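In case you want the letters, here they are:
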Amino acid sequence: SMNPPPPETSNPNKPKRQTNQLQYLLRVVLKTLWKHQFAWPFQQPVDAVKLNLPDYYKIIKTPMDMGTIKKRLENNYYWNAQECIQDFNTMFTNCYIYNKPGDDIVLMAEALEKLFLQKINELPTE
Ligand SMILES: Cc1noc(C)c1-c1ccc2c(c1)nc(CCc1ccc(OCCCN(C)C)cc1)n2CCN1CCN(CC(=O)NCCOc2cccc3c2C(=O)N([C@@H]2CCC(=O)NC2=O)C3=O)CC1
C-alpha cells in the first residue's frame, strides 16, 4: 500500500569501522554477488507499491536487501562482519518467509545464499 522507509545506510550515532573482514565482504558483494544473474530482485528494497504486494510489509517486519547491505559496507556502517552476515541472513530468510517453497524467487535466493555461504567459509581472520 505504502512502502516503509528503507533501512538506514548511515547513522551519525552508530560507531563506524573498517576491518579486513568487512573489506572482504565488500569485495564479495562487488566482485561476485552484485553481478550474479539472480541478484536483481535483491538489489533494492522490495517496492510493495510497484509490485502490488500489499501484504509484504505486513509479513516482513525486518526488511533487508543487498542494495542496503552494499551501501552500508560502502559507508562503513557496520562495526563487524557479523552485523553484515546477519543482514544477509535476514534478506534470505525474509524471502523464504514471504514466499512459498518452489517459487522462482525462492530458488534464486537459495542459489545466492549457497554462494554467499561458500564465501563466508573463506572469511579471513581479523
Ligand atoms: C526479493 C523478493 N522477495 O519476495 C519477492 C516477491 C521479491 C521480489 C523483489 C523484486 C522483484 C520481484 C520479486 N519480481 C520482480 C519483477 C518480476 C517481473 C515482473 C514482470 C515482468 O515482465 C512483465 C512482462 C509483460 N507481461 C504482459 C508478461 C518481468 C519480471 N521484482 C522487481 C525487480 N525490479 C527490476 C527493475 N529494478 C530497477 C532497474 O532498473 N533495475 C535494473 C536491472 O533490471 C533487471 C535486471 C535483471 C533482470 C530484470 C531486470 C528488470 O527490470 N526486469 C523486468 C523487466 C520487465 C518488467 O516489467 N519488470 C522487470 O523487473 C528483469 O527481468 C527494480 C527491481
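Looking at the PDB entry, the protein chain carries the name Bromodomain-containing protein 4, with the source organism given as Homo sapiens. In the PDB, the structure is listed with the title "First bromodomain of BRD4 in complex with ISOX-DUAL based degrader 35".

Trainee: Sorry, what's going on with the site of the ligand here?
Mentor: Taken together, the neighbourhood of the ligand is formed by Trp40, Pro41, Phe42, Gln44, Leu51, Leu53, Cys95, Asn99 and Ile105. Measuring from an oxygen atom of the ligand, one finds a side-chain N or O atom of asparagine 99 at 3.0 Å. In isolation the ligand exposes 1,100 Å². Once the protein is present, 36% of that is buried.

Trainee: How should I be thinking about the pattern of salt bridges in this particular structure?
Mentor: On inspection of all chains with the given rule, the structure shows five salt bridges. Residue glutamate 83 pairs with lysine 14 through a salt bridge whose shortest N-O separation is 3.2 Å. Of this pair, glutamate 83 sits in helix α4 (residues 81-98) while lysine 14 sits in the segment before α1 (20-33), and the two are 69 residues apart along the sequence. Here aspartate 87 and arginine 72 are joined by a salt bridge, their closest N and O atoms 2.8 Å apart.

Trainee: Help me out: how do you make sense of the nonpolar core in this one?
Mentor: The nonpolar side chains of soluble globular proteins are, as a tendency, buried together. Judged by nonpolar contacts, the single largest core of 28 residues is most densely connected at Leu25, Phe42, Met66, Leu73, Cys84, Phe88 and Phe116. Taken together, the elements giving at least two residues each to this core come down to α1, α3 (66-74), α4 and α5 (104-120). Discounting chain neighbours no more than four positions away, the residues touching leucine 25 are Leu73, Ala81, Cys84, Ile85, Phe116, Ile120 and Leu123.

Trainee: Sorry if this is basic, but what is going on with the packing of aromatic side chains here?
Mentor: In this description, a pair of aromatic rings is defined by centroid distance and the angle of the planes. Going through the model one piece at a time under the given rule, you end up with six aromatic pairs. The interplanar angle of 25° and the centroid separation of 6.2 Å between the aromatic rings of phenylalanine 88 and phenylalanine 92 together place this pair among those described as stacked. In this pair, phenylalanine 88 and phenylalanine 92 both sit in helix α4, four residues apart, roughly one turn of the helix. The exposure class of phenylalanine 88 is buried, given its relative accessible area of 1%. For the ring pair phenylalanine 92 and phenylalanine 116, a centre distance of 6.4 Å and an interplane angle of 50° mean the geometry is tilted. Separated by 24 residues along the polypeptide, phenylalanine 92 in helix α4 and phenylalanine 116 in helix α5 bring together distant segments of the chain.

Trainee: Sorry if this is basic, but what is going on with the side chain of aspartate 87 here?
Mentor: Tracing the sequence through the fold places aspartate 87 in helix α4. Judged by its relative accessible area of 10%, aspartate 87 is buried. Here the side chain of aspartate 87 touches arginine 72 through a polar contact of 2.8 Å, side chain to side chain. A distance of 2.6 Å separates a polar atom in the side chain of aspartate 87 from a polar atom in the side chain of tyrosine 78. Setting aside residues no more than four positions away along its own chain, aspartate 87 makes contact with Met64, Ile69, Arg72 and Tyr78.

Reading the values: rules and limits
In this view, residue numbering begins from 1 on each chain in the order the sequence is written and may differ from the entry, while residues that lack coordinates are not shown. Note: side-chain values were computed over all heavy atoms of the structure, leaving out hydrogens and water. Residues with missing side-chain atoms are left out of burial classes, side-chain pairs and their counts. It suffices for a single heavy atom of a residue to lie within 4 Å of a molecule or strand for the residue to be listed as near it. A 3.5 Å cut-off defines polar contacts: any pair of N or O atoms within that distance qualifies, except that in protein one atom must be a possible hydrogen donor and the other a possible acceptor, and neighbouring residues in sequence count only when both atoms are side-chain atoms. Per-residue and other accessible areas follow the Shrake-Rupley method at a 1.4 Å probe size, with only the shown protein chains counted as cover for residues. By definition, a salt bridge exists where a carboxyl oxygen of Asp or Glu is found within 4 Å of a side-chain nitrogen of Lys or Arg. Strands are runs of DSSP state E lasting at least 2 residues, helices are runs of H or I lasting at least 4, and numbering of each runs from the N terminus. The criterion is simple. A nonpolar core is a set of buried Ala, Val, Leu, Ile, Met, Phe, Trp, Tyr and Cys residues joined through side-chain atoms within 4.5 Å. Partly exposed describes any residue whose relative accessible area lies between the buried limit of under 20% and the exposed limit of over 50%, with all areas from a 1.4 Å probe on protein chains only and scaled to the type maximum. Contact between two residues is taken to exist if any of their heavy atoms lie within 4.5 Å; hydrogens are not considered. A pair of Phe, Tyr and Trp rings is counted when the ring centres sit within 6.5 Å of each other, with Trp represented by its six-membered ring. The angle between the planes then sorts it: under 30 degrees is stacked, over 60 is edge-to-face, the rest tilted.

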